[PDB]
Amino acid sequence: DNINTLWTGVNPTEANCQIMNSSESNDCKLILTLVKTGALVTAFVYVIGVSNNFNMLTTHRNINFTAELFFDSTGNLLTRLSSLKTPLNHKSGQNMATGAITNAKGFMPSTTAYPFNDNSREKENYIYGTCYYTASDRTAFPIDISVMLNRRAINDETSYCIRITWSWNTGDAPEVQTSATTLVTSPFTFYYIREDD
């Protein structure tokens, strides 16, 4: 069934995410897919660059960018606070659904497993991984991923939080001003215990 997936869709025509502070409007395409897998959620996440400034991050040595995702009590995306400006919905072929979201709270990371402001359980709120950047010379550049589930709230509305940080610190930059085209990260898959329906 299509109700087991909560996604952004496949390659949206326009940019749906404002990933960096310096940007005034939407800078990139955030491809996020949340699939219900028993008591866990298969989280599939990657970015496709749109703006000139975001694509030019491949010309720098030390770079870090975070995709902030905030959700309310019912498990609905808070677009005004989150990096993603388009709300998530069910599978409709290769696009998002139009109607109501069946058990949005079910796709949310558990507060029991990933608590808020509990310093004695801080370590449990973190997930680390690696994705790759296909450079102009067709070689893979490794990018570090820092995932924070819940832990920090920004206001009275934020009941569920997901933070994904892509970063790299190397001696040589992935690309140069003449070789750089589009900043595209390889799909990263992480696992977390889901909140009840």
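Sequential numbering from 1, following the sequence displayed.
When 33-41 is weighed against 55-63, 55-63 comes out higher, by mean CA B-factor as recorded in the entry. Residue 149: CA B factor in the lowest third of modelled residues in this chain (values from the PDB entry).
When the modelled residues of the chain are ordered by their C-alpha B factor, residue 159 lands in the middle third.
When the modelled residues of the chain are ordered by C-alpha B-factor, residue 169 sits in the highest third. Among the modelled residues of its chain, residue 48 has a C-alpha B-factor that falls in the middle third according to the deposited record. Residue-level temperature factors show residue 109 in the lowest third of its chain, judged at the C-alpha atom.
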